[PDB]
2 protein chains.
Amino acid sequence: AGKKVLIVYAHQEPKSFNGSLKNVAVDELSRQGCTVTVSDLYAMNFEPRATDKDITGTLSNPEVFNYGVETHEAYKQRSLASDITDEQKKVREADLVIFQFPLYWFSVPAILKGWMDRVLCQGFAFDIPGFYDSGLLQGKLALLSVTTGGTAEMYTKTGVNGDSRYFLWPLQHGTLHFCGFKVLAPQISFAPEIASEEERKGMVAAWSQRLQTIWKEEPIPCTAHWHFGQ
Amino acid sequence: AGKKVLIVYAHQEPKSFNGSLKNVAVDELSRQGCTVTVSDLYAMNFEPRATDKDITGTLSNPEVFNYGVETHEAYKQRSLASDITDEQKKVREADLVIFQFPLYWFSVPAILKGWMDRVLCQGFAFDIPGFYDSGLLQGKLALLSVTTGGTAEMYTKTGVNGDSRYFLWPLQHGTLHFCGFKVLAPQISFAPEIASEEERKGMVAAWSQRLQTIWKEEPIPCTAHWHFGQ
Ligand SMILES: Cc1cc2nc3c(=O)[nH]c(=O)nc-3n(C[C@H](O)[C@H](O)[C@H](O)COP(=O)(O)OP(=O)(O)OC[C@H]3O[C@@H](n4cnc5c(N)ncnc54)[C@H](O)[C@@H]3O)c2cc1C
Ligand SMILES: Cc1cc2nc3c(=O)[nH]c(=O)nc-3n(C[C@H](O)[C@H](O)[C@H](O)COP(=O)(O)OP(=O)(O)OC[C@H]3O[C@@H](n4cnc5c(N)ncnc54)[C@H](O)[C@@H]3O)c2cc1C
Ligand SMILES: CC[n+]1c(-c2ccccc2)c2cc(N)ccc2c2ccc(N)cc21
Ligand SMILES: CC[n+]1c(-c2ccccc2)c2cc(N)ccc2c2ccc(N)cc21
Ligand SMILES: CC[n+]1c(-c2ccccc2)c2cc(N)ccc2c2ccc(N)cc21
Ligand SMILES: [Zn+2]
Ligand SMILES: [Zn+2]
């Protein structure tokens, strides 16, 4: 025991299906004795834009602004904006980061994309060297808990949306694996708006039940083969 | 042959490599006699967050906020925030929409993701039914012009990032095709930061060169096969 969890949560409405999945996670992980922290991005009015306001004081090359370089240097010189370093501290302390969001355009809502863009800066999340298996958050687990509009059927290899694994690639491989996370299998709650009450409650219960043994889980092999292969 | 082009541009720095690609696109399309509009998202401080501020009228369900439902209804009633309908006018009038951006976590920067989330609402960009080949922006072309940190070699089937086409899927298929766009082949300018000044000039010149004959190109088959192979 002694585990710390950060839930990064991206829904506008507390009473939403996403809201419920977030609350079940808080309740169940809290019941287990885990340390639990929630970043409620919409409630925090979290800034999604990557701008020169993210660096306090003097820039490293004020003639030509390169956000990635400047935030690298700012991390090294401890001059990042405080909303960013507040989140970095939650991530640093976490053993597990759960992302709770509705799927927006086969990806995360923009407010959560901005969290990924602004929080996972060079020197904090990865470096040269130290990416993919050697990324700087190695030792930590990440989990995507996604809800969709489209049905499970639509999310098959030959269905109109293709396999759900296809849209996970930029998130699980390009982002989280790159930064060194080992990736737990995603939690995909398909089409709750279309689903009946019974089906919805079933999906909530599947999540709660998964959470009972989350610390027993093996990570997926975050590979092209897993995402695209037979 | 009287074509209208919208460039949706997501970089903070006019002197950046993205800025140059944006500017040569303006130069070359303007030279051709095309009508050209640029949505400079950072300069406009474009709002990326999907919030209830995006609806100014009476909500369909004020007790439980569902962004997608409320913006659909707001679109029909014409009570969307005006920054959204301003962009929708640009899209409505465009024959070709070029997206110019650096790759952030195998995707678009959050400020551009916010543009996609907020501008492409139900009723404007698609209906149910009325999506993929039946999407409401049918007849229009779209083109992703992407710059990367990683090398072309890293973005191959056997490289650590997997093939470049893999990360295009959520954008080309899940977003643009869903809304009815036909998709022109992507322009990917690999690893300019790492490249020599001469390799950089060459990549800019190649884009400019391609643009001379852009109106003669056919779209890709925006399918799982095109993105992922057999
Ligand atoms: C801009 C945008 C882009 C999108 N792009 C995509 C896309 O690319 N692909 C895709 O598939 N979808 C897409 N969607 C749809 C989106 O993913 C879904 O609308 C979203 O996942 C629904 O999740 P929710 O939490 O908002 O559902 P909700 O509407 O909040 O929940 C569904 C119902 O469940 C009820 N409920 C809440 N809690 C419980 C509970 N504890 N037990 C039982 N019932 C409960 C709620 O009251 C609600 O009535 C997009 C939507 C938007 C707005
Ligand atoms: C949050 C974040 C996430 C990222 N995630 C990824 C990822 O998942 N995968 C990945 O591969 N990369 C990733 N990157 C890297 C990113 O894609 C690159 O940093 C970006 O593409 C570089 O493009 P730029 O326009 O900013 O380059 P610049 O720094 O602006 O360009 C490089 C050089 O070109 C020069 N230049 C400008 N105009 C010209 C011209 N006309 N001729 C010649 N030289 C010129 C500039 O002066 C500069 O010196 C990420 C970066 C950030 C910040
Ligand atoms: C701009 C630095 N830089 C590069 C990068 C660009 C060119 C060469 C080496 C690394 C980068 C490359 C990849 N693949 C993924 C993420 C990042 C990144 C992420 C955040 C940041 N703050 C700077 C970042
Ligand atoms: C919430 C409506 N809704 C749904 C949707 C959700 C559930 C059932 C049917 C459609 C949707 C589904 C997919 N695949 C892709 C985009 C959207 C979307 C996009 C914008 C918006 N403003 C509402 C949207
Ligand atoms: C291995 C690719 N790669 C990266 C790199 C780019 C993005 C992410 C990780 C590494 C690189 C990054 C920096 N800063 C400087 C030089 C190089 C480089 C130099 C030569 C080469 N042959 C590959 C190179
Ligand atoms: Zn991986
Ligand atoms: Zn497609």
Side-chain angles (χ1 to χ4, degrees), chain A residues 50 61 63-72 102-106 113-114 116-122 125-132 147-151 154-155 160-161 170 173-175 178 191-194, chain B residues 11-24 50 54 66-75 80 100-107 109-110 116-128 131-132 146-151 153-155 159-161 164 167 174-175 178-179 188-205:
Chain A
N61 180 9
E63 300 262 50
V64 188
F65 182 76
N66 181 311
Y67 184 83
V69 172
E70 291 290 355
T71 50
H72 189 199
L103 194 72
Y104 283 13
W105 294 128
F106 274 28
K113 187 54 163 60
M116 288 165 172
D117 293 347
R118 297 174 68 245
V119 179
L120 306 178
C121 72
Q122 189 167 0
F126 85 93
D127 214 335
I128 313 299
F131 59 87
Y132 280 123
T147 64
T148 68
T151 66
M154 293 173 208
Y155 281 108
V160 289
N161 290 332
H173 187 72
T175 308
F178 187 86
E193 293 163 285
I194 280 171
Chain B
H11 203 287
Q12 308 90 341
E13 171 56 72
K15 296 171 189 157
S16 65
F17 189 79
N18 270 265
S20 292
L21 294 171
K22 183 269 284 179
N23 290 336
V24 305
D54 292 348
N66 182 316
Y67 184 79
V69 163
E70 295 296 342
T71 55
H72 182 202
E73 189 56 40
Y75 176 78
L80 287 165
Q100 183 60 63
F101 61 97
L103 194 69
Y104 281 12
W105 297 127
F106 275 30
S107 191
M116 292 162 177
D117 292 351
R118 294 178 71 241
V119 174
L120 304 175
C121 70
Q122 185 173 358
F124 174 67
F126 73 93
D127 268 311
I128 310 300
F131 58 86
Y132 282 122
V146 191
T147 70
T148 70
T151 57
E153 255 299 302
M154 288 169 72
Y155 284 106
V160 292
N161 291 340
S164 60
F167 71 69
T175 313
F178 185 85
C179 292
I188 311 187
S189 297
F190 284 105
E193 292 167 283
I194 277 170
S196 64
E197 179 74 358
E198 188 219 37
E199 288 158 335
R200 293 189 212 116
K201 286 297 274 198
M203 279 189 297
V204 178

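Both counts, for ligands and for their atoms, begin at 1 and track the order of listing. Residue numbers start from 1 in every chain, and the chains themselves are labelled A, B, ... in the order their sequence lines are given, proteins ahead of strands.
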Under-4.0 Å heavy-atom contact with ligand 4, by part of B/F126 that carries it:
side chain

Is atom 48 (C) of ligand 2 near the protein, in the sense that some protein heavy atom lies at less than 4.0 Å from it?
no

Nearest to atom 40 (C) of ligand 2 by heavy atom, B/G149, A/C121, B/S20: which?
B/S20

Does B/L103, backbone or side chain, put an N or O under 3.5 Å from an N or O of ligand 2?
yes

I want to check something: taking the side chain as every heavy atom from C-beta on, are A/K113 and B/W105 in contact at a cut-off of under 4.5 Å?
yes

Starting from atom 5 (N) of ligand 2, find the nearest protein heavy-atom neighbour and note its residue, name and distance.
B/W105 N, 2.9 Å

Looking only at distance, does A/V64 have an N or O less than 3.5 Å from an N or O of ligand 2?
no

Closest to atom 30 (O) of ligand 2 among protein heavy atoms sits B/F17 N, 2.9 Å

So is B/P192 polar-close to ligand 2, meaning N/O to N/O under 3.5 Å?
no

For atom 18 (C) of ligand 2, closest protein heavy-atom neighbour
B/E193 OE1, 3.2 Å

For atom 9 (C) of ligand 4, which protein heavy atom lies nearest, and how many Å away is it?
B/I128 CG1, 4.4 Å

Report yes if some N/O of B/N18 lies less than 3.5 Å from some N/O of ligand 2; otherwise report no.
yes

Can you name the atoms of ligand 2, numbered from 1 with element, that are less than 4.0 Å from a heavy atom of B/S16?
25 (O), 30 (O), 37 (C), 38 (N)

Atom 18 (C) of ligand 4 touched by protein heavy atom at under 4.0 Å
yes

shortest atom 3 (N) of ligand 4-to-protein heavy-atom contact is with B/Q122 OE1, 3.8 Å

Is atom 5 (C) of ligand 4 near the protein, in the sense that some protein heavy atom lies at less than 4.0 Å from it?
no

Who's the nearest protein heavy-atom neighbour of atom 8 (C) of ligand 5, and how far?
B/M154 CE, 3.9 Å

Classify the contact between A/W105 and ligand 4 as side chain, backbone, both or neither, using a heavy-atom distance cut-off of under 4.0 Å.
side chain

Within reach of ligand 4, part of B/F178 (heavy-atom separation under 4.0 Å)
side chain

As an exercise, identify every atom of ligand 4 less than 4.0 angstrom from a heavy atom of A/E193.
1 (C), 6 (C), 7 (C)

Would you say B/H11 has any N or O atom under 3.5 Å from an N or O of ligand 2, going by distance alone?
yes

Would you mind running through ligand 4 and noting each atom that sits below 4.0 Å from a heavy atom of A/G149?
6 (C), 7 (C)

Between the main-chain N or O of A/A50 and the side-chain N or O of B/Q12, is there a donor-acceptor pair closer than 3.5 Å?
yes

For B/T71, is at least one N or O under 3.5 Å away from an N or O on ligand 4?
yes

Indicate yes or no: does an N/O atom of A/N66 lie under 3.5 Å from an N/O atom of ligand 2?
yes

